[PDB]
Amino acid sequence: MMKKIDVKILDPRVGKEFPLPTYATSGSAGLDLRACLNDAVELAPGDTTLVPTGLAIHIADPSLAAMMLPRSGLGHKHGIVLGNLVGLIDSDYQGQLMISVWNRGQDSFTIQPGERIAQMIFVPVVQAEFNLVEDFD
C-alpha cells in the first residue's frame, strides 16, 4: 500500500551529501534514516545522544503513524539502539524528525555523518473511544 507524504528539507545536505531515506526493494517494510551531523559523535557505553535527520515529515492522515526502530545489525552486533526503544511519530507532528541513539552495549561507537543509524515504518493506527462498562461480554 502506498502513500505520498509531504517532507520539508531542513538542512541543505539532505538529498545531496546525506541522501533522502529510500526503500531498498519493493518488498522492504522500512526505510533507513541517516544521521545529519557536522562531525562524528563518539557514543560511550551506556550513553544517549540526540541525532538530527535534517528533515521534517507531515503524515497528515490520522489513520497512519510511523514507528522508528533500531537497525538489526547495529542493535545485535554493536548494541546501537534507541533511547526511547521505539519512536512513535504522530500524524500531526511537523517538527524535525529526531533519533534518540543509545549505546546499550560495552564498546564505544562512532556515529558518522550520513550513516544509516535507524529505520522507520508507516503503519495504520486506530484511535480508541473508551466505552465504560461494569462487566465484559
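Residue indices: 1-based, along the sequence shown.
K.L.:
Averaging only over Cα atoms, indicate whether 62-70 or 35-43 has the higher B-factor in the PDB entry.
P.N.:
The entry gives the higher C-alpha B-factor average to 35-43.
K.L.:
Would you check the entry's CA temperature factor for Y23 and let me know if it's in the chain's lowest, middle or highest third?
P.N.:
It falls in the top third of the chain.
K.L.:
Would you mind checking where the Cα B-factor of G75 ranks among the modelled residues of its chain, as the lowest, middle or highest third?
P.N.:
Lowest third - that is where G75 ends up once the chain's C-alpha B-factors are sorted.
K.L.:
Going by what the PDB entry lists, where does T110 fall on CA B-factor within its chain: lowest, middle or highest third?
P.N.:
Middle third, going by the recorded CA B-factors of the chain.
K.L.:
Would the CA B-factor of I57 place it in the lowest, middle or highest third of its chain?
P.N.:
For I57, whose C-alpha B-factor we compare with every modelled residue in the chain, the answer is the middle third.
K.L.:
Would you mind checking where the Cα B-factor of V14 ranks among the modelled residues of its chain, as the lowest, middle or highest third?
P.N.:
As the PDB entry reports it, the C-alpha B-factor of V14 lands in the middle third of its chain.
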